[PDB]
Amino acid sequence: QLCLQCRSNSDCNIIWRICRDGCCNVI
């Protein structure tokens, strides 16, 4: 559970590209 503050869809890295509840998900 790494709620990485996201923005658009994959505003994080190659790992987390699922900008879920304001966070980046790897799913």
# chains A, B, ... in the order shown; residues from 1 in each chain; ligands from 1
$ residues_around --residues "residue 1 of chain A" --least-positions-apart "3" --cutoff "10 Å" --atoms "only C-alpha atoms" --output "mmCIF file with C-alpha atoms, in the first residue's frame"
data_model
loop_
_atom_site.group_PDB
_atom_site.id
_atom_site.type_symbol
_atom_site.label_atom_id
_atom_site.label_comp_id
_atom_site.auth_asym_id
_atom_site.auth_seq_id
_atom_site.Cartn_x
_atom_site.Cartn_y
_atom_site.Cartn_z
ATOM 1 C CA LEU A 4 2.004 7.773 -4.024
ATOM 2 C CA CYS A 23 -2.255 7.934 -5.513
ATOM 3 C CA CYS A 24 -0.117 5.859 -7.877
ATOM 4 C CA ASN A 25 -0.878 2.140 -8.021
ATOM 5 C CA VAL A 26 0.989 -0.762 -9.610
#
$ atom_distance --atom1 "atom CA of residue 27 of chain A" --atom2 "atom CA of residue 11 of chain A"
14.3 Å
$ select_by_dssp --residues "chain A" --states "strand (DSSP E or B)" --output "PyMOL selection string"
chain A and resi 4-5+18-20+23-25
$ residues_around --residues "residue 8 of chain A" --least-positions-apart "3" --cutoff "12 Å" --atoms "only C-alpha atoms" --output "list in words"
residues 5, 11, 12, 16, 17, 18, 19, 20, 21, 22, 23 and 24 of chain A
$ write_last_selection --atoms "C-alpha atoms" --output "PDB file, in the first residue's frame"
ATOM      1  CA  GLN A   5       0.340  11.150  -4.657  1.00  0.00           C
ATOM      2  CA  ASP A  11       2.521  10.681 -12.769  1.00  0.00           C
ATOM      3  CA  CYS A  12       5.011   8.599 -10.785  1.00  0.00           C
ATOM      4  CA  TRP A  16       2.988   2.868 -10.391  1.00  0.00           C
ATOM      5  CA  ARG A  17       0.965   3.990 -13.395  1.00  0.00           C
ATOM      6  CA  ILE A  18      -2.526   3.669 -11.910  1.00  0.00           C
ATOM      7  CA  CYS A  19      -3.384   7.074 -10.481  1.00  0.00           C
ATOM      8  CA  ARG A  20      -6.026   5.755  -8.096  1.00  0.00           C
ATOM      9  CA  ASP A  21      -7.485   7.626  -5.087  1.00  0.00           C
ATOM     10  CA  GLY A  22      -5.057  10.495  -5.631  1.00  0.00           C
ATOM     11  CA  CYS A  23      -2.255   7.934  -5.513  1.00  0.00           C
ATOM     12  CA  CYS A  24      -0.117   5.859  -7.877  1.00  0.00           C
TER      13      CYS A  24
END
